[PDB]
Every structure is written in structure tokens, then in C-alpha cells.
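Colleague: Protein chains in written order, with the authors' numbering: chain n, 265 to 330; chain K, 192 to 284; chain B, 7 to 376. Don't be surprised by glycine CBs; every beta carbon is placed ideally from N, CA and C.
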Amino acid sequence: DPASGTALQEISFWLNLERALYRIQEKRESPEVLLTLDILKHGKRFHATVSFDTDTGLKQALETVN
Amino acid sequence: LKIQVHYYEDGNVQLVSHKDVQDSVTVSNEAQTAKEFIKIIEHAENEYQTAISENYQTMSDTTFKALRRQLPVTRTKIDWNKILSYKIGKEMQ
Amino acid sequence: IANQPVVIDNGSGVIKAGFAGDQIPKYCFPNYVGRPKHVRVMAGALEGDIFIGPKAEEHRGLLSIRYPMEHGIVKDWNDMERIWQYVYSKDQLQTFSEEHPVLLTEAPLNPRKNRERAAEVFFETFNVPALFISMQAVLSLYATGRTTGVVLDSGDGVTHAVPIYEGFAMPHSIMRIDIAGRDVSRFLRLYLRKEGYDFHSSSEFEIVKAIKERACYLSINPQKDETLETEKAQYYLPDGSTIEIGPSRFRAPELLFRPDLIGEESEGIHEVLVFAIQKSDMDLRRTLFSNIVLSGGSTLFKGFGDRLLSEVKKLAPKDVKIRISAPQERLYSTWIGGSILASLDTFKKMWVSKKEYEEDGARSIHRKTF
Ligand SMILES: Nc1ncnc2c1ncn2[C@@H]1O[C@H](COP(=O)(O)OP(=O)(O)O)[C@@H](O)[C@H]1O
């Protein structure tokens, strides 16, 4: 709820979401996770690979965050 | 033989046609070419009226199919739920 | 969400399965269930009763092989449950039926109860996340890559022709007769009896199938060859005997082009194609005659395509280019088409979710049947 808590709590909450979604992007961009993605791509299994960026709402969340 | 037919009951429809009849005969005599003129006339007119009627006969499947078919080439209605729900596979070829 | 869709191609004679995205089906075996006939006496015997797959094929003598599906219609659901359960065993998939959406091939014009009870079986005993029943011709054309054309298949229990236009499989032109591979084998068994060689055991009908698969051909002229005495090639049984066939090798797959031999008012394969094409829009006949695709194991006889061309030329109108394609994966056409179809992102919106099935029921399947 946008009015739940005081003003500084909600404002700080949006700030927390910004840096936290960047940390999720950090965990996304590691070479180990990319190695698993390469396994699924090299194994002709496009499902988890395309869903890793589309099914995850991280992209749109990061653009609204930005 | 130009023809103009109008009809507007709850709408508007206009038929405009003509046939450039071309025929010949030697002017043999007067009465002979009178009734022979009628022979060419009865020929072309029976021909033309009949042909016009059959043009009206072959119109659901040829002329209109040049414009808009009665049913699609799949001979079924449209599953709007299918087209909207997912792409038919048009992306795949 | 789940792991990956599993394309289980059914078939009245040979089931075929594997994950979507795979190139060829890695798991294929006959669609029969064999349970022993003899008496367990010695201890340490073959434990377990019902055998399916390679083990049932190996110890073929003990079993009393039966089929649970005939003419694309399931007759026994218990054996089908055990077959599907075997597909998910450690010998074939080594997975669970809870993390995989299922693509399921199915023949046209079948009863509603097949889709309904098959859906109950999957979503209830298997509890699959998503089931999707589809046609078979649509998948075969997707496997060849082209898009508009008829599909002539003849599997083990059914045979039909579907004129497909860009994916919309025209439901008003699907001719379907029930004379396929297994029935050709059955008629071959009758002719073998007339030859003198008797084969009547259930685990011997399979030997009759083996003979159909490696000793029959199709005569170009159906009658001129019947009025001659062939070379009468031999055949080696698994037992080690010898069978000289003779005329019982070309008249046996002749059944597909004339079901009068079995005594039935149905039509041949050629008439199924010509009627499937002629019961369509006159503006698409030339396009359909220029694109015919064969699939199904019964289209593997020698001289099949050539005789089909001759027959269709006798039935098609004059000077219309007839073109019959015949890819090298007629046994795997429906499965490869399933691998291409289920591996797309639109398949997520094309299936039926488990939640949806629990909400509406079987009507949801008939609603979203395509
Ligand atoms: N070489 C062959 N010649 C003739 N018939 C064959 C041959 N190989 C297999 N068959 C028959 O074709 C059938 C395979 O078709 P199938 O894959 O069962 O179609 P579906 O899976 O759609 O039922 C088998 O029942 C077999 O009897």
C-alpha cells in the first residue's frame, strides 16, 4: 500500500526496490548462470532460455526502476 | 442495345449495360431484308437477354468471388477465439 | 510452468515419445502389452507380470501380446495407463509426470471419449501441468516445413487424408477409413493360412508383422502380376524354418487399394485422397494436387508411391500436376512435427492448463481442441 507506513518508509521502499533489482541483474549476469543458459541453448532447449528474460519480469521492472 | 435498370427498395442497385452488336447481310430485297433484319434482331436480342440472365446466374461464384467470397477457402467460419487466442502458426513456414 | 514438453506420439501399433526440441524420437517401442501365458514354476523366474517395451519383445514366446488401442481408439484403459506409465519409467524417460506439459498426437474423427478419458488419465493419474491433444496431419506438414497440402497417412490402425491450408486443417474434407498396417497384417495372416503355413498365436501374429515389414511389395499392375507365377522367395523364421510365400506377398498389401478383399464397402487409399481433395474448395485443388505428403509406417511398402501416382492419375482430372512427396521420416513425421510445434513460445498459449481443466472440465478441452 503506497500510504502504508510513513512517507520516508514508502520513499525508501522504492529506493530499496531500485538497488535490489540491480542486484538481481547482478545475479543474472554471472558467467555461471550464463553457463547454465549456454547448456540449455546448446542442447536445443529454447524454453528456459527465452523464458529467463521474458517470463522473468526483471526487464520491465528494471526499466520502470530506471 | 443499351440497358439501364434502377432499383432502390431499401437500398440502391443500378444495372448499366450495352452490347455492341455487329452483323451484316447484303440488302437482297426489301421484305426479305425487313424480316431478315428482324432475323438478325431476334437473334441478337434473344442472345443478349439470355446471356445477361446467365451472367446473373454465374455471379455468386465468379464475379463476387473476384470481390468477396461467400465462404473462405477453408469452407468454415472463423474461430475468432483461435485467431485471437494464439497465432495459427503463421510465424512458422 | 514446467520443465519441457514431452511429445508422446501415440499409435495403435507403435508408440513414439521424447522431449520436445529433440531431433528424432529417442524412445519408440510397440504399443502392445504382453503378460505371460505359461506357469511360473522355477524360482528366480522373470519377476513381474505385465511386460512392455524391449523386455516384452525379447521374451516374446512367454507373452500373450494384446493391443489396447485399435483403429486409433483405446479399447482398454488399464493397459494404456501401464503403457504411458512405462513411458515415464526409468527405462524410457526417467522423469516425473508432474513437471512436463504433454503434447499428444491423436487421429481425426475419433470419439470424444478418447480425448475426455485420456485427459482424465493424464491430468489425474499423471497430474501433468498441461495437456494438448492435436491432429496428426498438421504435425506431419509442420515436420516437412511446407504449409498447404494434403497429408496421406496410414499408420497401424487408421488411415486418413487431411487437406491442410496454412495450418487450418479443413474439417470438412477429412476422409477416414479404418484399413491400416495391422489390418494388412491380419489379411496377410489369412493368406498365409491359405498358403498352408499357419500362424495363429498372439505372439506369432508379430511374426506375421515381421513378414509384412520385410517380404511384401506392391505390384504396379494389380492384375497382370496376379496372372503370373512369381519366383516365390523364401523366408527365415525366428525358429529357423523356411516359408515360401509366392502370391501372398503382393496381394497382401493390395488391401489398402481395394477393401473388397476384406469384404468392406470402404475405399482405397487413392480414393481417400481424391475424395479429400474434391470435397474442398475448387480454388485449391491444383495446390493440393501439387502437394501430397505421405506419413505413417504403412507407406513404406515397395512400389507404394509409384502405385499411388498411377492410381491418382487415373482419378485426377487430365493435365493437373500431381506431386506426391515421401520424406525419409514417415515413421517419425508426427513426432518430429510435435517437436517443432511444442518447442515454440506460442505453445504456452496453445495448451490447456491443469487449473483450467479443474475449472471447466472436458468441455475446456473440446473448446480449445485446436
Ligand atoms: N517397412 C514396412 N513396410 C510396411 N509396413 C510397415 C513397415 N514398417 C512398419 N510398418 C507398419 O506400419 C506401422 C507403423 O505406423 P505407426 O507408426 O504405428 O503409425 P501410428 O504411430 O500413427 O499408429 C506398424 O504397425 C507396421 O505394421
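#1: Give me the Cα-Cα distance between residue 397 of chain B and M181 of chain B, rounded to the nearest whole angstrom.
#2: Could you check whether the Cβ of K218 of chain B sits closer than 7 Å to any heavy atom belonging to ligand 1?
#3: In the DSSP assignment, find the alpha helix (DSSP H) that holds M86 of chain B and state where it starts and stops.
#4: Shorter than 8 Å from the beta carbon of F310 of chain n to some beta carbon of chain B?
#5: Does the stretch 334–347 of chain B come close enough to the stretch 26–40 of chain B to have 3 or more Cβ pairs within less than 8 Å?
#6: Distance, Cα to Cα, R369 of chain B vs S160 of chain B?
#7: Below 9 Å on C-beta distance, what does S276 of chain K contact in chain B?
#8: Does the beta-carbon of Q248 of chain K have 16 or more other beta-carbons within 10 angstroms, so that it is buried, or is it exposed?
#9: Does the beta-carbon of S18 of chain B, which I'm using as the reference point, lie nearer than 7 Å to any heavy atom of ligand 1?
#10: Which word fits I170 of chain B, buried or exposed, when buried means at least 16 other C-beta atoms lie within 10 angstroms of its C-beta?
#11: Is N220 of chain K buried or exposed, if buried means 16 or more other CB atoms sit within 10 Å of its CB?
#12: For the stretch 290–309 of chain B against the stretch 325–335 of chain B, do three or more pairs of beta-carbon atoms, one drawn from each stretch, fall closer than 8 Å, so that the two count as touching?
#13: With DSSP collapsed to three states, give me the class of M356 of chain B.
#14: State buried or exposed for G321 of chain n, treating a residue as buried only when at least 16 other CB atoms are found within 10 Å of its CB.
#15: Any idea what DSSP makes of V144 of chain B, helix, strand or coil?
#16: With a CB to CB cut of under 7 Å and the five nearest residues on each side skipped, what residues in its chain are close to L315 of chain B?
#17: So the beta strand (DSSP E) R292 of chain n belongs to, where does it begin and stop?
#18: Taking C-alpha atoms, which residue in B:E201, B:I371 and B:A136 lies nearest to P253 of chain B?
#19: For the stretch 7–27 of chain B against the stretch 91–107 of chain B, do three or more pairs of beta-carbon atoms, one drawn from each stretch, fall closer than 8 Å, so that the two count as touching?
#20: To the nearest angstrom, report how far apart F102 of chain B and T253 of chain K are at their CA atoms.
#21: Out of B:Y363, B:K285, B:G17 and B:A26, which has the shortest C-alpha to C-alpha gap to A167 of chain B?
#22: Relative to the C-alpha of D245 of chain B, which residue among B:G27, B:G67, B:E63 and B:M48 is closest?
#23: Give a single yes or no on whether residue 5 of chain B has its beta carbon closer than 7 Å to a heavy atom of ligand 1.
#24: Just to check, is the beta-carbon of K354 of chain B closer than 7 Å to a non-hydrogen atom of ligand 1?
#25: Mind checking whether the beta-carbon of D162 of chain B lies closer than 7 Å to any heavy atom of ligand 1?
#26: Can you give me the start and stop residues for the alpha helix (DSSP H) that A167 of chain B sits inside?
Modeller: According to the data block:
#1: Absent from the structure is residue 397 of chain B, since the part of chain B shown begins at 7 and ends at 376.
#2: yes
#3: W83 to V93
#4: yes
#5: yes
#6: 30 Å
#7: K355, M356 and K374
#8: exposed
#9: yes
#10: buried
#11: exposed
#12: yes
#13: helix
#14: exposed
#15: helix
#16: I328 and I330
#17: Not the beta strand (DSSP E): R292 of chain n falls in the alpha helix (DSSP H), residues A271 to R292.
#18: B:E201
#19: yes
#20: 57 Å
#21: B:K285
#22: B:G67
#23: Because chain B spans 7 through 376 in this model, residue 5 of chain B falls outside it and cannot be assessed.
#24: no
#25: yes
#26: No alpha helix (DSSP H) holds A167 of chain B; the beta strand (DSSP E) holding it covers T165 to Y171.
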